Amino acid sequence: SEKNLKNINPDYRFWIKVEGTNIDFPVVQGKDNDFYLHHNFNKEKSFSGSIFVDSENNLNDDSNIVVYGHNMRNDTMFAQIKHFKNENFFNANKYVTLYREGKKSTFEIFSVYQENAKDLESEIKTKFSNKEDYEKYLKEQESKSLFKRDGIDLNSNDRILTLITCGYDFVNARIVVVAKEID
């Protein structure tokens, strides 16, 4: 199954499902963060692209796994990420699930926020010098959340997942959801 996928495209890395949403897709890694904006999972060019993980992510090492997706308002790709801007939806919907080499991992969402695309590009980090900067980065992501997730106990031992898609409230808006690995 995961093998089949890996065949149809070797850039495949994992499956993702976001609780509360129809997001339930394979995720691919390109050599950059442009290819898969403009090409589907068969690599055929396409307006809607694919879900991709940051091309500089080392999935084994990195403290923050960054995944990007189109929002074109039509219930495809990361479109429904928009619901997390709703306080009630946020309270009720909590978990993102990655399946990778036969293995399921679960992450609890603790932050949602919107931001200018360039601003965001310069803020988002996959790599970290040392534990203090990581901790500092974690507190900033949490502190930016539109809503508090109770009892989350965010610290420098955690591993996180960050999801980024288009927003429409202002020009070049991006919406961002951050989640911490649990269990």
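Don't overthink the numbering: it's just position in the shown sequence, from 1.
Stretch with the higher entry mean CA B-factor, where the candidates are 27-35 and 62-70: Taking the mean B-factor of the alpha carbons in each, 27-35 is higher.
Of 123-131 and 154-162, which one has the bigger average CA B-factor? Higher of the two, by average CA B-factor, is 123-131.
Top residue by Cα temperature factor, when 149, 118, 45, 139 are compared in the entry: So the option with the highest C-alpha B-factor is 45.
Maximum C-alpha temperature factor, selected from 107, 78, 113, 99: The C-alpha B-factor peaks, among 107, 78, 113, 99, at 99.
Among the modelled residues of this chain, does the Cα B factor of residue 57 put it in the lowest, middle or highest third? For residue 57, whose C-alpha B-factor we compare with every modelled residue in the chain, the answer is the middle third.
Residue 85 by Cα B-factor - lowest, middle or highest third of the modelled chain: CA B-factor rank for residue 85: middle third.
Just say lowest, middle or highest third for the CA B-factor of residue 143 relative to the other modelled residues in its chain. Ranked within chain, residue 143 CA B lands in the middle tercile.
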